[PDB]
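First, one chain by itself in structure tokens, the form deposited in one PDB entry.
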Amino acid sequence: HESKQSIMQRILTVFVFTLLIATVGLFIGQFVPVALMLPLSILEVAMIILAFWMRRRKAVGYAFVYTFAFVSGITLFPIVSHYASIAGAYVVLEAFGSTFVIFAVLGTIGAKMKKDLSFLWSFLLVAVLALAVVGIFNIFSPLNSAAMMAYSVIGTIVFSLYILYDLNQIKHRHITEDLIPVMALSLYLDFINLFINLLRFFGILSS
């Protein structure tokens, strides 16, 4: 017999693990040949689309989530490599740090606050869809410095709210132990998408 704590603690545990696993992949990704790396524009929007797509009421298993963490890690290297080659490698750690305290604070506030934030789902879902549209647009008609900057701020807001909203809904909704991987998967996609948005913002700002 589970409690709402053990369920939540297990989700946060898997989440931490996905982060580690991805980081392993990020290391390995530095060895992928140039002929096998995807364009920056495509990778960036890909993570948005996945964050929407993997946010389905379908239940997935741990094997899927950890493999997705490892392989996304590898493929997201060209992003880290780009914004570090225009602002210095220190901006990667800076972006990680901000993403970290943001998640840690908004996550905690979200998991303990009294109100039920369920009414945000439509606003949030429309927002990620708008981010995706601009991201697809960016592939065929590249945005300028101020535009990508403004975009990253919107994205920073949207996913910051998603971290708060997910930890809140994890508390309020009926979450059985079979929905543990997909909740962890979503939190991972929140984190990663918030990381990319912050990296692009601070990357551009330092050049």
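Position 1 is the first residue in the sequence shown; the rest follow in order. Just so we're on the same page, rigid core means the largest C-alpha set that superposes within 1.5 Å between forms.
The following text describes the form deposited in another entry, which does not appear among the structures shown.
Aligning the rigid core between this form and the one not shown and inspecting 170, 163, 69, 51, the C-alpha positions shift by 2 Å or more at one residue, which is 51. Residue 138 shows a C-alpha shift below 2 Å between this form and the one not shown [criterion: core-superposed Cα displacement of 2 Å]. When the rigid core is held fixed, the Cα atom of residue 147 travels less than 2 angstroms between this form and the one not shown.
Residue displacement note: residue 37 has its CA displaced by at least 2 Å between this form and the one not shown (rigid core superposed). A shift of at least 3 angstroms pushes the Cα atoms of residue 51 and residue 162 further from each other in the other form than in the displayed structure. Cα-Cα spacing of residue 57 to residue 121 is enlarged in the other form versus the present form (difference of at least 3 Å).
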